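Given next are two forms of a protein chain, the same chain in both, each as C-alpha cells and marked structure 1 or structure 2.
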Structure 1
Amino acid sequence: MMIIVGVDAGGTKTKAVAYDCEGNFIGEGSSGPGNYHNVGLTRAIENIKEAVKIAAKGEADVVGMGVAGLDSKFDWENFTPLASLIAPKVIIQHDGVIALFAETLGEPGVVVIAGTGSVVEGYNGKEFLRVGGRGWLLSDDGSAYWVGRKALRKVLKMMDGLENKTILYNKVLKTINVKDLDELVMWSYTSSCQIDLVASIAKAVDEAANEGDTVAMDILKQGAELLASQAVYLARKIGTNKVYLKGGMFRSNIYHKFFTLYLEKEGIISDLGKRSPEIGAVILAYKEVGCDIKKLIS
C-alpha cells in the first residue's frame, strides 16, 4: 500500500512515524538533529532520511516534515532541493506548522510555541503566516531566553544597589552557580552567547514568582503579554477566535495565567492542545495526497 511518514525534524532530535493511507500505524523511528544550523546541511538531511527509513522500515511513498531552522528564504533554498529527494512526494513546512496541524487537523488556526525561543504560526486555508520566531537578538519575546535575560539584568541592578534584592536574586545565582557580582561578570565572559544557558534561568524566575516575588511575577506577566499581543494579531489576521499554546514556558503557572488573561480580554479562547508534532506532519501529508484524516484521528 502507500507508506506515509510524518517527521518532526528538530534542533535536538528527529522523530518520525509511519502510517498507510487508511490510518494504520506502520512504525516509528528517531535520529539526530534535523536543524541544519546545528549539524550542517548534509548531516541534517542524513538524520531525517534515517528516521524516515526506520519508521517506514524501508522506502516511503510520501513524507510530510516539520523542520526547525528554516527561518529565511535562504534556508529553504538550501534545504528543499536535498530534502525533496527523500521520497517521491515530500511536503516541507516549519516545525511550528506541524505542531499547529496536530491540533487543527489541517484546518485554519493559530499556535503559539514558547520555549527557548518563541513564535506564532498560523494557517488561513490558503497559506501559512508567521510573526516573531526570528532568533534571540531580533525577536523571541516572552521566550525562556527573553525571561532569563530580563532576570539577569534585574539581578545586576540589585547587585549595584539600585533595587532591593528579592527572592529572584538568590534563585538566579543558585541556578548558574555564581555567588556574587565578580563571578557573574566572569560568567558573562563565557556564557553571553550561549542561548541555552540564559534560557535555563527562566526556571529560576518561575520559582521566584511562585514564591511571591513581585519582580519575577512582573517579568513573566510582561513577557506573556508581549507574546500574547502577537498571538491576538495573527489570530485576527487569520480570522480565528482560538489559539493553541505549546512550549515549556506554558508549564509556568504564572506565565500561562497572564498569557490566557490577555487572550480572554480580547475574546480569544486558548487550548494547550493534545497531540504530537509528528502526527501533525502525517496530517500535513494526508491533506496533500488526499488520505482521510478521520481514519487517522478519532
Structure 2
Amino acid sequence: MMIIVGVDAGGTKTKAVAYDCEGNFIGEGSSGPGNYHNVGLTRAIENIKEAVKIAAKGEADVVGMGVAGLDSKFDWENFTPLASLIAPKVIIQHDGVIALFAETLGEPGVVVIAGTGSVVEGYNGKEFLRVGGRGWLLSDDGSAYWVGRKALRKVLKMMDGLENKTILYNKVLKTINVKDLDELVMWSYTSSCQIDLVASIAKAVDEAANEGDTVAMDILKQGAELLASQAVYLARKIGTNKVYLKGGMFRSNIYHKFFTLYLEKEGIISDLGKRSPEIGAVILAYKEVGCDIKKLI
C-alpha cells in the first residue's frame, strides 16, 4: 500500500484529501492559508503539513500540491525546498494548474480562480499561460480580497455621510466586529494586512446583495466583469471557447451570474466543473507514482 495526498493550498484555507493508489478515499483534512505571502513561510508550510497529516492520518508517501502564491522564480525557490520535506515524494504546481487539471485531467483548457485572490490560467498542451494572479496589491481583480476592500471603502464613505447607508453597512461591520468609525480606525491599525480577513468580508457583500442591496450587487458586478474580461482574453489567446470557474467567489450566485453573463456575451461557455482542485493535485501525484487515474475518476 501507499498513501497519496492531494493538497490545494490557498489564501484562506488549505484543503487536502488522501487516497490509495487504487482510487480509494482514505481521508480529508483542512488548515489555514498556504499562501506564504499571506501568512509567512513557517505558517504556510505548517498549515500544509497539518492538512496533509490530518487527511492521511499519519505519514503520507506522496503529496501533490497546488499552491497559491507561487508567482515568481523567487517564490518557487523559497517554497519548494521546505515543502519538499513533508513527504518522501512531493510534486508542486501553481494552484491554477491543479484546479484546471482536476477537470481537464491534463488536457488543454482555461480555468478562472476567484478565491482569496484570483487568476486566469490555461494550458496549450505544451505550456502554461496566466494573466493576473500576482498578489492582492498588483492584481486579484474580482477576488474576495478585491471585493472586501471595495466594501470597506464604501462603508467608510457611508460613515462620512458621503453616501446613504445600505444593508451592506451593518453586514460588513458585524463581520469584522466594528460598531463605529472609531473602532474601524483601530481595526485598520491591526487588521489592514490580514489578507484572509479582508477577503472574508466578501461573504458579507454577498449576503447584502441577496437581501436586495444594489450597492453590494454593483461591487460584485464590477469585480466579476473585470476578472471575466481577463478570462475572455486568455480564452481567445489559447483558442478555446470554454472556461472552468473555480473558487469561493463563485459561491455568490450574483457574482456567478454577472460573470457568466459577461462570458456569454463574448461567446464563451462557462462550467463550474465537476471536481475540486485537491482532486487535481491527486491526479498529478498519481501520474508521478504510476497510479491509474481511471480508478480515481
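Just so we're on the same page, residue numbers count up from 1 along structure 1's sequence. Heads up, when I say rigid core I mean the largest set of C-alphas that superpose within 1.5 Å between the two forms.
Engineer: Which one of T104, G133, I54, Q194 sits right at the hinge when the rigid parts move between structure 1 and structure 2?
Structural biologist: This hinge corresponds to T104.
Engineer: What is the rotation of the smaller rigid part with respect to the larger, given in whole degrees, between structure 1 and structure 2?
Structural biologist: Rotation between the two rigid parts between structure 1 and structure 2 amounts to 27 degrees.
Engineer: What is the Cα shift of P108 between structure 1 and structure 2 once the core is superposed, in angstrom?
Structural biologist: A shift of 1.1 Å at the C-alpha.
Engineer: Report, in Å with one decimal, the C-alpha displacement of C291 between structure 1 and structure 2 after core superposition.
Structural biologist: After core superposition, the C-alpha of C291 moves 8.4 Å between structure 1 and structure 2.
Engineer: Once both forms are fitted on the core, what is the Cα shift for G69 between structure 1 and structure 2 in Å?
Structural biologist: So the C-alpha of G69 has moved 2.9 Å between structure 1 and structure 2.
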